[PDB]
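Only one chain is included here, represented as C-alpha cells and corresponding to the form deposited in one PDB entry.
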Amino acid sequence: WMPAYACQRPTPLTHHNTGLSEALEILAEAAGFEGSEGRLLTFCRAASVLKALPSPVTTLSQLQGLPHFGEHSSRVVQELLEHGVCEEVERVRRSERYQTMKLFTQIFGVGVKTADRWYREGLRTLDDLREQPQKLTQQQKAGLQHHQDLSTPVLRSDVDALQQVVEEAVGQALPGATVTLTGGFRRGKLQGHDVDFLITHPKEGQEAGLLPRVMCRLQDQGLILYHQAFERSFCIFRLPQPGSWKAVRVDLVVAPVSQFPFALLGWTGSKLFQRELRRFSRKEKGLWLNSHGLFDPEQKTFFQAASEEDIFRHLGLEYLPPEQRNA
C-alpha cells in the first residue's frame, strides 16, 4: 500500500504524525553529524513515510509492512506511543555534541566537517568563533555576522518583496528574462530560512552570462550584503523592514529554457524527494536524472522535457504538484 520511494506517494506539507516524524528526524540529523549517511537516509525515509500516512499512528501494529521501519525506527515510535518520549531522542537533544554541531552547522559557510573539527578543538559557542576570526573564511565571517537575522524565519510577504526587486534587476540585465519562485515556498511553506529563485529566458542561449549582470545590478542597488561565469549565486540580501531591514539568504539560479523543467523540478525539492526521485530513476528505470536533464545511458540520449509533467511521465510516475513533494 505504501510505496518504497518518496517520489511514488504524495507527501503534504502538514500531516498527521508530526511528533513521530520530528523525533526520527532528530536521529537522522544526529547521524549526519557523525558522518553516518546511510543511517541518516533511513531515518529521513522512515520519517517521510509517516508524513505520507492518511491518519495518526496510534498503535505499533500500524507500522507492519511500512517500508523503512525496522527494529530501530519501530522502537522509537513504540516508546513515543507508550510514554510520549523516546529516551534515545532525548539523550541526543541534550547532548553537548548534538547542540554544538547543530549550532555550528547552521552557520552559512560551516559544514559538518568544519563543525566537527571545531568541536574537537574545544570550541562550543559563536563567541568562541568570533574570538579567532583569522581562522574563518570570508563566507564564514559573513554567516557569523548575519547569523542572528538568518535564524529568523522569512515570511511569504518578505518573498513577494524580494521577487519584485529580483525581477527589476533581471529585467534590466536581460529583457524578457523570467523569475520563478522555487524551493520550499513553491511547495507551499508559509515561512522559510531562505528564498530560492530560478531565472531563464524563452530564447535558448540568451541566458548565457546572465547571472553576473544580475548580481552587478543588485549590488549597485545596495541590496547585496554578501555574495561569492557562474549559474548559482548564494547571496545575503538586505530586506527592508519597518524603520530598518534584515539580512535574508537568497539563492539565484539560471538555466537555459531547454533545461528549465529539470531545474525547476530539482530546485523545488524537497531535498529528500529529489534524492528519492534520482534513486528511483537510476535504479528502477535505468535513467540518470539531475537538475540539467534526464539521460538514457543505453541510447546515449537526453529526454526533452517541456514541463515537470513530461518528466514524471518519462519516469512512469504519477504527477505530483509541488505541494505534495514535501517528503
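Residue numbers here begin at 1 and follow the sequence given. Residues that one form lacks are left out of the comparison. Superpose the two forms; the largest set of C-alphas matching within 1.5 Å is the rigid core.
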Report task. With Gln228 and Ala229 adjacent in the shown sequence, let me know how many deposited residues between them lack coordinates: none, 1 to 3, 4 to 9, or 10 or more. Result -> 10 or more
Report summary line: Assert higher mean C-alpha B factor (174 to 182 or 87 to 95, deposited values) equals 87 to 95
Query raised in the report: Out of 183 to 191 and 116 to 124, which stretch has the higher average CA B-factor listed in the record?
Result: 116 to 124
**Report entry** Peak C-alpha temperature factor (PDB record), options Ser233, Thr200, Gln148, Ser157
**Finding:** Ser157
Query - Candidate set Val77, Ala161, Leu218, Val248 [ranked by C-alpha B-factor, highest] - result: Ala161
Query raised in the report: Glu298's Cα B-factor: lowest, middle or highest third of the chain?
Result: highest
Report task. Would you please rank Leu60 by its C-alpha temperature factor against the other modelled residues of its chain and give the third it falls in: lowest, middle or highest? Result -> highest
Report summary line: So, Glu276's CA B-factor, relative to its chain, sits in which third? The lowest
Query raised in the report: Which third of the chain holds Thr42 when residues are ordered by C-alpha B factor: lowest, middle or highest?
Result: middle
Query - For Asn290, the third of its chain into which the C-alpha B factor falls - result: lowest
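Although it is not shown, the form deposited in another entry is what the next lines describe.
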Query raised in the report: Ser36: CA shift of at least 2 Å between this form and the one not shown after core fit?
Result: no
Query - Threshold 2 Å Cα movement between this form and the one not shown at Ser55, rigid core reference - result: no
Query - Moved residue ranges in sequence order between this form and the one not shown, Cα 2 Å or more, at least 3 long, core fit - result: 58 to 65
